[PDB]
């Protein structure tokens, strides 16, 4: 029968999130369902309230991008206990919670692929890395930075029998252009020998590139662990940005909606609790497969 789908987003305040929300809304409608959507505006307490509201409004399927991996456990457990099928998207929820599956980008494997590529590109070069991180305490952010850095190390070990790297500083850019720009400004003042920027998303790296260009600082390789944002892809095609990792907000949403509807309908069972989208490192070689200048994101 007809049932309602709820989509609870932690925030809509970066391009990825806006695109993900619209894709989720669109896919539920395409499949023939009413979609009720909420934006927590970056506030955990509001997201808890949003979930509770969607459950009493009668959603049978809840798609949630959680503001905190721990703080939403009780609300998700209660939704599931009241018969809602819950699919977590993008941000991690503690896997001890009761939900159907977590759909997200393959962050650890992307990081490995991206770090391996860096060594394919620069070889033995002594790396002096400025790190742009998203949000303190974010486990996806941590998986991305440590995935890329450990990928660099592993690739060096395999090729050279030894490894070395230096992270000259870390700034926090809150997943957006302005945040990346400001963090990079600080990093540039602090450090005169940077030869690589590592970002936990493209939006921050794109803002950082503007600080780099304003400062006239040359020789810096741009590396992102996520998401394949179109503006980054365009620069990768031009040779002005090194690599990114694949995290398609619309694919994540569609995957979650399709699987969730199948679960509600009894068409699928014994779903794995982790559902990772295809990993990829995207570079000048393969960018043409992925780049659409007219894309949403």
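Numbering follows the first chain given and starts at 1.
Looking at mean Cα B-factors across 128 to 136 and 174 to 182, the upper value is held by 174 to 182. With 51 to 59 and 230 to 238 compared on mean CA B-factor from the PDB entry, the stretch scoring higher is 51 to 59. In the deposited coordinates, the residue among 42, 245, 28, 249 with the greatest CA B-factor is 42. As recorded in the PDB entry, 165 shows the highest C-alpha B-factor of the residues 87, 165, 222, 118. Residue 200 sits in the lowest third of its chain by CA B factor, as recorded in the PDB entry.
Among the modelled residues of the chain, residue 287 sits in the middle third by CA temperature factor in this PDB entry.
In the PDB entry, residue 192 places in the highest third of its chain by CA B-factor. Ranked against the other modelled residues of its chain, the C-alpha B-factor of residue 158 as given in the entry falls in the middle third. In the PDB entry, residue 20 places in the lowest third of its chain by CA B-factor.
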